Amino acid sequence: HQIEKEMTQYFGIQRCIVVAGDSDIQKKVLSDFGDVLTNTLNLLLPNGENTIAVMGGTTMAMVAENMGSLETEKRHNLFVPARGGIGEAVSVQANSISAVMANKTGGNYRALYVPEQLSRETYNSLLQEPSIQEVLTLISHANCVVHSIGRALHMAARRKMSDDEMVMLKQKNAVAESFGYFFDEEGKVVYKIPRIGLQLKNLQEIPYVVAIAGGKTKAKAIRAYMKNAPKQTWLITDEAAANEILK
């Protein structure tokens, strides 16, 4: 509680949940993040039709695998990726996280059928597809977003970004990534990839925003991204990250 209070005040956000342990060294912590996200969305998501836009990555893949039921007679949740064209592998791409979350929670998903790596030709063509437009529109009306925060250079390498981009990110001292934006330690956006889906500016208007990121290794990235995160953000993290941030 005390540490959670200190974290919320440090960032000026709504709520921080600090899970026992260190997700760098303890696999159960990521499973615990699943439990916590389930409880958090059960509390936050109203009855009716909700659209939850999600990012991928290793944290989110594990969170998704460890979710519990959210669907009811009166509450129907749809999961969609927050972005296309991110460059992840299938095991951790946002489409995959959406499908798993839908399965584990009793909800539904709609994949955005945009390759994770794609060409200008493919992009223009897909934008004229009513099916693609339909999913982009669903994403634009999301009332919930769930994401992790990446360590910038690690993300750039994993996503097989171009040599020029990697070198550019190093020299602009990129620290954090989120939604395909890269942030330096001052919280400044130093680079962004071409956008397919959510705009950073529009996060501010989404009622339910949940960032999930843990481990001492992520303390710097968490600090850099959270500087300009929407004030309504709930941060799910662990003791290892919190202790490092608050030292």
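Quick note: we count residues from 1 along the sequence shown, nothing fancier.
What stretch has the higher average Cα B-factor here, 46-54 or 181-189? Per the deposited B-factors, the answer is 181-189.
So which stretch wins on mean C-alpha B-factor, 168-176 or 138-146? If you average the C-alpha B-factors of 168-176 and of 138-146, the larger mean comes out for 168-176.
Quick one: which of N202, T38, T217, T59 shows the highest Cα temperature factor in the PDB entry? Spelled out: the listed residue with the top C-alpha B-factor is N202.
At the C-alpha atoms, which of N77, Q93, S125, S162 reaches the highest B-factor in this entry? Highest C-alpha B-factor among the listed options: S125.
In terms of the CA temperature factor given in the entry, to which third of its chain does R15 belong: lowest, middle or highest? For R15, the deposited C-alpha B-factor lands in the highest third.
Which third, lowest, middle or highest, does the CA B-factor of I25 fall in along this chain? Tercile = middle for this residue's CA B-factor.
Consider only the C-alpha atoms of the modelled residues in this chain, order them by B-factor as the entry records it, and name the third containing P130: lowest, middle or highest. Top third by C-alpha B-factor.
Within this chain, which third does the Cα B-factor at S98 fall in: lowest, middle or highest? For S98, whose C-alpha B-factor we compare with every modelled residue in the chain, the answer is the lowest third.
Ranked C-alpha temperature factor of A82 among modelled chain residues, by third: As the PDB entry reports it, the C-alpha B-factor of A82 lands in the lowest third of its chain.
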